[PDB]
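Note sheet for the following structure.
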Amino acid sequence: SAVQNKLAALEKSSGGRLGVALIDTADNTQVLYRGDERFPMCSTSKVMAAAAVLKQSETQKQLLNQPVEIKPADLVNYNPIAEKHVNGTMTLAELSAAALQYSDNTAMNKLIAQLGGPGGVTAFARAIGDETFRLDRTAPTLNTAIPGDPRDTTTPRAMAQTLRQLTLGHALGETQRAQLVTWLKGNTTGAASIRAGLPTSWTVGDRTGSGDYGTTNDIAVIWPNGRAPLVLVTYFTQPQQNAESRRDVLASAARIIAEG
Ligand SMILES: *C(=O)[C@@H](NC(=O)/C(=N/OC)c1csc(N)n1)[C@@H]1N=C(C(=O)O)C(=C)CS1
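Take the sequence shown: its letters are residues 3 to 262, numbered as in mature numbering (1 follows the signal peptide of the UniProt record, and there is no 0).
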């Protein structure tokens, strides 16, 4: 397709490896670029973890208000919200918001711990039909993004299908799906990523990720106006261990999708 040549040229003009999956929920048509290659998910894995806790809350009705202690030993590499509540508590709802809206890695680990370890996150993926997602490590080591490492990876096609079901489908209960939508719409870390490539009149919720090898990720659900919503995954990683972030590549991929 014309879009695929447009993305291949963007990739060639980036020096790295680009993966894209778009779901047009008008006719279930899809645009895929390296859609079945594995990419390090990095902090985009927070969507699966937060959704898995939301699924638990369908049975445990008060689970989101459960306080969780934040201890000095819980702190890791990037802790913007959790560091404000050390020696106190945060609720699972507050931890979910911190993970999904500020990329707080301590919050992600509290979600993982609530699910019984990384295997509890992968389990929820399999329970909703995602046979590709795998979470193997806690934060921050899940973001090492080493070329060829199968750990903590998924494919663009699989993540796009999962994100649809979580945010627009019925993989979650209605109150839970709406809460995840509110959290994603309120993300603060995505202004330079997919959001920067789309028309200003489209509503977006997304969740970014980054890691070594200049790994720069964003997954988003997009509501243009008066038409069927979109689901877009843009993953990008580079050959150099110390490569710089390239959020502009995700913005440019979204623009290219949006054109077609
Ligand atoms: C998720 O992607 C998080 N990334 C990391 O913690 C990384 N460290 O892993 C050892 C990392 C290495 S280089 C880099 N840019 N991140 C958090 N995610 C984001 C995000 O939204 O991209 C952050 C900017 C805070 S770290």
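Quick reminder that beta carbons are idealized off the backbone N, C-alpha and C, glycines included.
Where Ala256 falls, given that 16 or more other Cβ within 10 Å makes a residue buried: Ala256 counts as buried, since at least 16 other C-beta atoms from the protein chains shown sit within 10 angstroms of its C-beta.
Contact test: residue 2 Cβ vs ligand 1 heavy atom, cutoff 7 Å: Residue 2 lies beyond the range of the chain shown here (3 to 262); nothing can be said about it.
Closer than 5 Å: residues whose CB approaches a heavy atom of ligand 1: In chain order, the residues that have a beta carbon nearer than 5 Å to some heavy atom of ligand 1 are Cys44, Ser45, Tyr80, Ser105, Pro142, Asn145, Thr191, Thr210, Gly211, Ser212, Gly213.
Enclosing beta strand (DSSP E) for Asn219 [first to last residue]: Unbroken beta strand (DSSP E) run through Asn219: 217-225.
Beta-carbon proximity list for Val183, same chain, < 7 Å, skipping 5 on both sides: The answer, listed in chain order, is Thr169, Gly207.
Given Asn111 as reference, the closest of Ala147, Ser47, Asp26 once Cα atoms are compared: With respect to the C-alpha of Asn111, the residue from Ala147, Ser47, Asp26 having the closest C-alpha is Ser47.
Assigned secondary structure, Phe135 (DSSP; H/G/I helix, E/B strand, else coil): Three-state result, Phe135: coil.
Expected contact under 8 Å - CB spacing of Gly17 and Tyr237 to nearest Å: Taking C-beta atoms under 8 Å as the contact rule, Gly17 and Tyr237 fail to qualify, at a distance of about 15 Å.
Exposure label - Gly216; buried when at least 16 CB within 10 Å: Under this definition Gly216 is a buried residue.
Those runs of the alpha helix (DSSP H) which lie wholly inside the region 57-110 and span at least 4 residues: Listed in chain order, the complete alpha helix (DSSP H) runs (minimum 4 residues) inside the region 57-110 are 94-104.
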